[PDB]
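Q: Quick check, what structure comes out for this input:
(2 chains, ligands or ions: 4)
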Amino acid sequence: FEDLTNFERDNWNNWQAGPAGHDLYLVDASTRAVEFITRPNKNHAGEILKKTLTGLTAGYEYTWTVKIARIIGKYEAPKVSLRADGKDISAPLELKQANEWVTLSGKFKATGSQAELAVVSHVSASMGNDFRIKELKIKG
Amino acid sequence: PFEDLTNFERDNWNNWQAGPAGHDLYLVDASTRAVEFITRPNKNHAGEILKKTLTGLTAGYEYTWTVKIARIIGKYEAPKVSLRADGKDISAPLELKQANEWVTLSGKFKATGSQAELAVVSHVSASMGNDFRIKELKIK
Ligand SMILES: C[Se][C@@H]1O[C@@H](C)[C@@H](O)[C@@H](O)[C@@H]1O
Ligand SMILES: C[Se][C@@H]1O[C@@H](C)[C@@H](O)[C@@H](O)[C@@H]1O
Ligand SMILES: [Ca+2]
Ligand SMILES: [Ca+2]
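A: Residues are numbered from 1 along each chain as shown, chains lettered A, B, ... in the order given. Ligands and ions are numbered 1, 2, ... in the order given. Okay, here it is:
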């Protein structure tokens, strides 16, 4: 079960002002994100973000979540997966609606104190293939 | 418990790097939609400020309610907020003193039927200050 209200598309998801909530309205706050604009005539398929995550313990399963959204929404849709220690730990997720923030998730099992993580693009195209990543989180 | 969190606040990439297929990466301010509480003059802003009749629950289960909130502007009175469910206080009042610092209110409640009555609570009636935004509410 999960009931998530982020107010995208001005959907209040049945939340209402209470008696003490006066003159409520929605605004655009801001959150920092890496932008992937994929310029012309470069190959944008492969590992697009990399990190050697330290502080792990062998045999534990860690959960990697990435908050990601397509932008612009024109031409080719991005397709993004997660990789850990060379192993694909998620299916390729196609990003479709512009500025709809979704979670890309995978789990991996550490073999030691660190793991080599990579976010992977499966679309080499520059026409479209535009998206943003605002958060990468690993929990265990 | 392990957590490695990168949200790029203050442009901290937290040891994430562009991969070979990550061309011309940069940070941007992406939008994130939020309810603004500007608390106008000569109204009482203490009490239940946002509420929802949450459906689809199964009686007896323990649900955890999260709310991402931040003071803004930071002048005059500081907000103070908590969570309430079925008329019961499930979180301690927390003073949001740091402007633009996003914090997560969290509380647990067990359902009493098909639905639950949830309310975010303000403990500051003042209009002088007492300004904040809520960008996300989540129950799971
Ligand atoms: C018409 Se410019 C072409 O399409 C845009 C939607 C972007 O993907 C841009 O990077 C690309 O060069
Ligand atoms: C100087 Se106008 C006074 O203080 C501002 C910081 C806001 O809290 C506004 O709602 C209030 O009326
Ligand atoms: Ca592009
Ligand atoms: Ca105010």
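
Q: Of all residues in chain A, which one is closest to ligand 3?
A: residue A:38 (3.5 Å; CB to the ion). Every residue, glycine included, has its C-beta placed from N, CA and C.

Q: What number of neighbouring residues does the residue lying closest to residue A:105 once chain neighbours are set aside come out with?
A: Distances taken as CB to CB, 6 or more residues apart in numbering or on different chains put residue A:65 closest to residue A:105, at 5.1 Å, once the chain neighbours are dropped. Neighbour count for residue A:65, taken as other CB atoms under 10 Å in any protein chain shown: 17.

Q: A strand includes residue A:65, no?
A: Yes. Remark: residue A:65 belongs to a strand, assigned using DSSP: H, G, I helix; E, B strand; the rest coil.

Q: Correct me if wrong: it contacts residue A:104.
A: Yes. The pair residue A:65 / residue A:104 is scored as a contact, 7.2 Å apart, by CB atoms under 8 Å.

Q: circling back: what's the separation between the residue nearest to residue A:105 and residue A:107?
A: Note on residue A:65: its distance to residue A:107, by CB to CB, to the nearest Å, is 10 Å.

Q: so what's residue A:103 closest to, chain neighbours aside?
A: residue A:65 (5.3 Å).

Q: same check, this time on residue A:31
A: Nearest non-adjacent residue to residue A:31 (CB to CB, 6+ apart): residue B:32, at 4.4 Å.

Q: likewise residue A:25?
A: Closest to residue A:25 by CB to CB, 6+ apart is residue B:36, at 5.8 Å.

Q: residues touching the one you found, list them.
A: Shown in contact with residue B:36 (CB atoms under 8 Å, 6 or more residues apart in numbering or on different chains): A:24, A:25, A:26, A:27, B:72, B:131, B:133.

Q: Within reach of ligand 1, which of those residues are there?
A: Among the contacts of residue B:36, no residue is within reach of ligand 1 (CB under 6 Å from any ligand atom).

Q: Separate out the buried members of the residues you listed.
A: A:24, B:72, B:131, B:133 (16 or more other CB atoms under 10 Å in any protein chain shown).

Q: Among these, name the ones in strands.
A: residue B:133 (DSSP state E).

Q: Which of the buried ones among the contacts of residue B:36 lies at the shortest distance from residue A:8?
A: residue B:133 (15.1 Å; CB to CB).

Q: and that closest one, what are its bridge partners?
A: Counting by DSSP bridges, residue B:133 forms beta bridges with residue B:36, residue B:70.

Q: so it sits right up against residue B:37, yeah?
A: Yes. Taking contacts as CB under 8 Å, residue B:133 lies within contact range of residue B:37: 7.0 Å.

Q: tell me which parts of chain A are close to ligand 3?
A: Contact residues, chain A versus ligand 3 (CB under 5 Å from the ion): A:38, A:126, A:130.

Q: hmm, 6 Å instead?
A: A:37, A:38, A:126, A:128, A:129, A:130 (CB under 6 Å from the ion).

Q: Who wins on neighbours among those?
A: Of the residues of chain A next to ligand 3, with other CB under 10 Å as the count, residue A:38 tops at 27 neighbours.

Q: any idea which element residue A:120 lies in?
A: Per DSSP states H and E, residue A:120 falls inside strand A:114-121.

Q: outside of that strand, which residues touch it?
A: Contacts for strand A:114-121 (CB under 8 Å, 6+ apart): A:36, A:44-56, A:62, A:64, A:66, A:78-86, A:88, A:92, A:108, A:129, A:133, A:136, A:138, B:19, B:21.
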